[PDB]
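Okay, here we've got a single chain as structure tokens, the form deposited in one PDB entry, with questions on binding and movement later.
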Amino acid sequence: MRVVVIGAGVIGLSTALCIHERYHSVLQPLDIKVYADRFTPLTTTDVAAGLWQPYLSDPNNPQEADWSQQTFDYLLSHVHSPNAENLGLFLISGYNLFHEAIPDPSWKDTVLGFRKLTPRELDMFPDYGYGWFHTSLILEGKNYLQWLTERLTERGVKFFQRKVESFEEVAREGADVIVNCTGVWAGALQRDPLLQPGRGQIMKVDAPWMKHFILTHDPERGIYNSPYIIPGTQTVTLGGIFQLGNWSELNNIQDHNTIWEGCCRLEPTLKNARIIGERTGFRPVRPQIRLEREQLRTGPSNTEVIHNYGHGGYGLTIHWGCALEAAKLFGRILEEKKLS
């Protein structure tokens, strides 16, 4: 069985791992291959802090709340594990700030010790009069990518640096199943009017005193386009940028100033923190995640395509549930191709 996963970001590597662990049997000899244009240090997955937190407003698709919850429960059970440190996995508590009273989120019982902020706590944030506190998890993109790659490497998965021009090219070069995990660049392989680059920029800062996440929200600004402070393992993530339709890979001075002004006003201690570096990424923006099997009529016999893209700002928060569902879609192919 020949399988080609296109892309080496969070989605591709986890779908490749999930499929390989659930379907690579002696009864199912899988030849899995990873095809990517950009790898482990230079993807949009690396730019992500890795904080587990779904949308403030409920999605149009209810399968997504299940996939996000399923990712949390999985990560939590491995949070005290001997491998936690390599994945970049750890528990964290923090603040959710608002200007108005908001209903409690769907994930209020998934996270640990959810409650509303007390007045004396709210008194610490002059600009916000309402908010939450809970304990979540972090899965840093870069460390997790480094973990997945190495775990795949010891499983025979061969990685290849190349820009894939079309599905047919991969199919004709002997592919049976094409797992499409191209993120925002899925439009280059197949026209998707529901796809747009959710451009984001961040800063990496040396602020070790920071033990909590601090996320502010504003409907005027929109989702992920308002200041956020996310402490990592070696550095703190300074964010708050979202530009729908922007394809500029370079960092810009206005977004730098926006992030810095916003986070230093949120936490004045930050004014003394050292800028380690800055990065730019593209959230694969869609009304909902595209996670389905598509038949491609390549002459007589058809080559199968599993699309797994359009994860927006929640690709780490949801990855595992999407991986298991894509694995479920991979199982249906095996049985429909007389192999189960």
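Take the two forms, find the largest set of C-alpha atoms that superpose within 1.5 Å, and that set is the rigid core. Residue numbers here begin at 1 and follow the sequence given. Residues that one form lacks are left out of the comparison.
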query	finding
Given 240 to 248 and 262 to 270, the range whose Cα B-factors average higher in the PDB entry	240 to 248
Higher-B stretch (mean Cα B-factor, as the entry records it), 81 to 89 or 229 to 237	81 to 89
Criterion, highest CA B-factor; candidates, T45, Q70, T280, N302	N302
Ranked C-alpha temperature factor of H319 among modelled chain residues, by third	lowest
CA B-factor placement of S166, once the chain's modelled residues are sorted into thirds	highest
B-factor third for the C-alpha atom of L56 within its chain	highest
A175 - Cα temperature factor, lowest/middle/highest third of chain	middle
Where the record places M210 (Cα B-factor, split into thirds across the chain)	lowest
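Omitted here: the form deposited in another entry. The next part is about that form.
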| item | value |
| --- | --- |
| Displaced position between the shown form and the other one, chosen from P62, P287, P29, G277 (C-alpha, 2 Å or more, rigid core) | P29 |
| Segments of at least three residues whose Cα atoms shift by 2 Å or more between the shown form and the other one, after superposing on the rigid core | 26 to 29, 298 to 301 |
